[PDB]
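A.B. asks: So the protein lines, in turn, are chains B and A. With PDB author numbering as the guide, the letters of the first sequence map in order to residues 75 to 123, 129 to 315, 333 to 359. With PDB author numbering as the guide, the letters of the second sequence map in order to residues 75 to 124, 129 to 315, 332 to 359.
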Amino acid sequence: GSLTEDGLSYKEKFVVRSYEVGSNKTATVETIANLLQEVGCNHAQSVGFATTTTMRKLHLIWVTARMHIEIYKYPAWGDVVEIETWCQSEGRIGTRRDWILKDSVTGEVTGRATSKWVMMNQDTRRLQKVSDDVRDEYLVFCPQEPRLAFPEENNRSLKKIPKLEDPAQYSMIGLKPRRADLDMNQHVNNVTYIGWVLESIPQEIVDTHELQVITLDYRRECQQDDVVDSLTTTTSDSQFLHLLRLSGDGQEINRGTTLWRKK
Amino acid sequence: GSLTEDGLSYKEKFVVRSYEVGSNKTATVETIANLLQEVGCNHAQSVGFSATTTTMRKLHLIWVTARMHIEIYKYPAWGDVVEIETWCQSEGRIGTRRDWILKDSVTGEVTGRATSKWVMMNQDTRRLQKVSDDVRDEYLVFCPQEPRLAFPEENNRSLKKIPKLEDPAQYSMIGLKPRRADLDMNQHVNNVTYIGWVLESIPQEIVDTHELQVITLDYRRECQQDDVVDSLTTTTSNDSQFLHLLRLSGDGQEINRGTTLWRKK
Ligand SMILES: Fc1ccc(NC2CCOCC2)nc1
Ligand SMILES: Fc1ccc(NC2CCOCC2)nc1
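1) What do you get for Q167 of chain A, buried or exposed, if any count of 16 or more other CB atoms within 10 angstroms of its CB means buried?
2) If you draw a straight line from the alpha carbon of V184 of chain B to that of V159 of chain B, how long is it in whole angstroms?
3) Roughly how many angstroms lie between the CA atoms of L340 of chain B and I284 of chain A, to the nearest whole one?
4) At what residues does the alpha helix (DSSP H) containing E244 of chain A begin and finish?
5) Please name the residue, chosen from B:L261, B:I162, B:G253, that lies closest to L110 of chain B on a Cα-to-Cα basis.
6) On the DSSP bridge assignment, give the partners of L254 of chain B in chain order.
7) Which one of B:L254, B:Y217, B:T294 has the shortest CA to CA distance from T133 of chain B?
8) Alpha carbon to alpha carbon, how far is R191 of chain B from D286 of chain B?
9) Under 6 Å: does the beta carbon of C166 of chain B sit that close to some heavy atom of ligand 2?
10) Return the CA-CA distance between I252 of chain B and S343 of chain B, expressed in angstroms with no decimal places.
11) Can you list the residues of chain B that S97 of chain A reaches, using a CB-CB cut of under 7 Å?
12) Cβ atoms of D260 of chain B and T271 of chain B: under 7 Å apart, would you say?
13) First and last residue of the beta strand (DSSP E) that includes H117 of chain A?
14) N234 of chain B lies in the beta strand (DSSP E); which residues open and close that run?
15) Go ahead and label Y151 of chain A buried or exposed: buried means 16 or more other beta carbons lie within 10 angstroms of its beta carbon, across all protein chains shown.
16) Quick check on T314 of chain B: does DSSP put it in helix, strand or coil?
17) For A228 of chain A, which option in A:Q302, A:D304, A:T131, A:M146 has the closest C-alpha, if you only look at C-alpha atoms?
18) Expressed to the nearest angstrom, what Euclidean distance is found between the alpha-carbon atoms of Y93 of chain B and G170 of chain B?
19) Does the beta carbon of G274 of chain A sit closer than 7 Å to a beta carbon anywhere in chain B?
20) With 7 Å as the limit, tell me which residues of the stretch 103 to 123 of chain B have their beta carbon closer than that to any beta carbon of chain A; keep them in chain order.
21) Quick check on the contact list: which residues have their beta carbon closer than 6 Å to a heavy atom of ligand 2?
22) Starting from the beta carbon of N350 of chain B, find every residue of chain A whose beta carbon is closer than 8 Å, and list them in chain order.
23) Could you have a look at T132 of chain A and say whether DSSP puts it in helix, strand or coil?
24) Within 10 angstroms of the Cβ of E86 of chain A, are there 16 or more other Cβ atoms? Answer buried if so, exposed if not.
25) Can you tell me the Cα-Cα spacing of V95 of chain A and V89 of chain A, whole angstroms?
26) With a threshold of 6 Å, establish whether the CB of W196 of chain A neighbours any heavy atom of ligand 4.
27) Would you give the residue range spanned by the beta strand (DSSP E) that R357 of chain B belongs to?
28) Can you give me the C-alpha to C-alpha distance between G186 of chain B and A155 of chain A, rounded to a whole angstrom?
29) My assumption, with CB atoms under 8 Å, is that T105 of chain B sits in contact with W196 of chain B. Please give the rounded CB distance.
30) Following the continuous beta strand (DSSP E) through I273 of chain A, name the residue where it begins and the one where it ends.
31) Considering just the uninterrupted stretch of the alpha helix (DSSP H) at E283 of chain A, what are its terminal residues?
32) With 16 other CB atoms within 10 Å as the buried threshold, where does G122 of chain B fall?
33) Which residue comes first and which comes last in the beta strand (DSSP E) that contains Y84 of chain B?
34) How long is the line joining the alpha carbons of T294 of chain B and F220 of chain A, rounded to whole angstroms?
35) Just curious, the beta strand (DSSP E) that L337 of chain A is in, first and last residue?
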């Protein structure tokens, strides 16, 4: 991979692997989500980071608040997908990371994604606004004019998500992470929550539809010793409302929505 | 990736990804195992098995893993390039073998090696069977004719018999179940998931203070997408050795047995 000519964005090419595809021989949305985090990580490394010097001094880290992905075509096993990524400040609210996915052979846009990140103290887990000190440290690596993967006014990436009401239409209970679900810092990888959300969608929907859009809000982290319940209700194309909560006390960890198109 | 000059083996380079590494910032043994299956798949495709032969498709036969044996000297770090070479060899009518050698791309040093035994099985009845002369002749033209072994040694750990763990187990992880990411393109549980499940019953303190050097896993029965598994481990031993057993949560039907060898960091 490499930074682009202006040094304000980053591109990387990936060849879709045999174990990365589902039963239609195309990349799963979890493989796509892993590729998004890998290209994001390579972008941060390329510009010297993903915490700044002031963030390290104050024990602050970036945490995902929201992930939104729209796929038009899933790349097939053996296909090359090119992913471009960039960051932008959202004032003191936090930061945003966007991605564009393209078919390497045709140059056609096959997907797009956007994510909202908030600053959090590593130890107390207290959310915070971004200080002007940290904003100045990453502004030199971001486009100055707004650049959006989802520019449209009133688009799906900014819609409020309601809380699923019991009883859920579908459920998958007792989900728990194994060591492969953890990241290098021993926290549950953000992509695992995408998998857990999808576990409560009936297999018949998966067999007859393709996932077009997924919006996921992250409220609380699942610990390596926690147990999760995945809940889904049809709200409709087929649309669903999702809720992930702790198996015991019912504490919310995520809420989301999915939109599926008939094959 | 590409077939080598003689067309009897295949090589491919991989850059270790951020989500592929553990707490030491080096590739997990499950990432290594996924890379082994990917290079094996690319080798089959390169020689026209886009991995069953013509006779196998006619007779509804498939290759299934009977045993996987991996030894790692150095796990590649996040961002490192690892080169993997793979080849196949017939083992008469018993089945086939696939071997791998892992190297550090920069130094050319061997950092790991693996070997696997595969048996023929009817896709529908699940009945194991011997390799016919016709099947053997269809893949012999893609294998080295002289024996080529990743574990040539006359007393290697890749061929040792594994006993069945006796209850009570010293350690256990119960109620393990696959999610959609654990399935392969044919909706079967990926062979690498069983490696993860075996490792779930090793205490975290061993993982934090030791590095996994060797893993030998026997595959007896497959876990369905709706089955539930229990992972059992007992210490048998600076080095620490363990005996492992995976069995169905309900009736206790064995799905895998294995051994691991760990060295102190
Ligand atoms: F845009 C991103 C997305 C993820 C990331 N880093 C995490 C993903 C890999 O292991 C843990 C750290 N950085 C930037
Ligand atoms: F050498 C090998 C190893 C595994 C494999 N099987 C593949 C079946 C589809 O999912 C990816 C793995 N083929 C060849």
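We put the CB at the ideal spot given by N, CA and C, even for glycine.
C.D. replies: Result, derived from the coordinates:
1) Buried.
2) So the alpha carbons of these two residues sit roughly 8 Å apart.
3) Looking at the two C-alpha atoms, the distance is approximately 31 Å.
4) Careful: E244 of chain A lies outside any alpha helix (DSSP H) and carries neither H nor E.
5) Nearest option by C-alpha distance: B:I162.
6) Note: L254 of chain B sits in a beta bridge opposite B:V307.
7) Residue B:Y217 holds the alpha-carbon nearest to the alpha-carbon of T133 of chain B among B:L254, B:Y217, B:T294.
8) Within the model, the alpha-carbon separation for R191 of chain B versus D286 of chain B is close to 23 Å.
9) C166 of chain B has its Cβ no nearer than 6 Å to any heavy atom of ligand 2.
10) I252 of chain B and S343 of chain B have their C-alpha atoms spaced approximately 7 Å apart.
11) Per Cβ cutoff of 7 Å: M263, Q265.
12) By the CB criterion at 7 Å, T271 of chain B and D260 of chain B fall inside the cutoff.
13) Here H117 of chain A belongs to no beta strand (DSSP E); instead the alpha helix (DSSP H) covers 103 to 120.
14) Unbroken run through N234 of chain B: none, as it is neither H nor E.
15) Exposed: under 16 other Cβ atoms inside 10 Å.
16) The answer is coil: DSSP assigns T314 of chain B none of H, G, I, E or B.
17) The candidate whose alpha carbon is nearest that of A228 of chain A is A:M146.
18) When rounded, the distance between both Cα atoms is 40 Å.
19) So yes, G274 of chain A belongs to the interface.
20) Of all residues in the stretch 103 to 123 of chain B, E104, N108, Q111, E112, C115 have a Cβ within less than 7 Å of some Cβ in chain A.
21) That query returns the following residues: B:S92, B:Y93, A:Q111, A:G114, A:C115, A:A118, A:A129, A:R176, A:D262, A:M263.
22) Taking a Cβ-Cβ threshold of 8 Å, none of the residues of chain A is close to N350 of chain B; the smallest such distance is about 15 Å.
23) Three-state DSSP puts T132 of chain A in a helix.
24) Burial call: buried.
25) In a straight line, the C-alpha of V95 of chain A is about 12 Å away from that of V89 of chain A.
26) No copy of ligand 4 occurs in the structure displayed; its ligands are ligand 1 and ligand 2 alone.
27) Start and end: 348 to 358.
28) Straight-line spacing of the CA atoms in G186 of chain B and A155 of chain A works out to 32 Å.
29) Between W196 of chain B and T105 of chain B the Cβ distance is about 22 Å, and since that is not below 8 Å, they are no contact.
30) The continuous stretches of beta strand (DSSP E) do not include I273 of chain A, which lies in the alpha helix (DSSP H) extending over residues 269 to 277.
31) Annotation: the continuous alpha helix (DSSP H) that includes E283 of chain A extends over 282 to 287.
32) A residue is called buried when at least 16 other Cβ atoms come within 10 angstroms of its Cβ; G122 of chain B does not meet this threshold and is exposed.
33) Following the DSSP letters along the chain, one finds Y84 of chain B inside the beta strand (DSSP E) bounded by residues 84 to 89.
34) Roughly 48 Å separates the two Cα atoms.
35) First-last of the beta strand (DSSP E) with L337 of chain A: 334 to 342.
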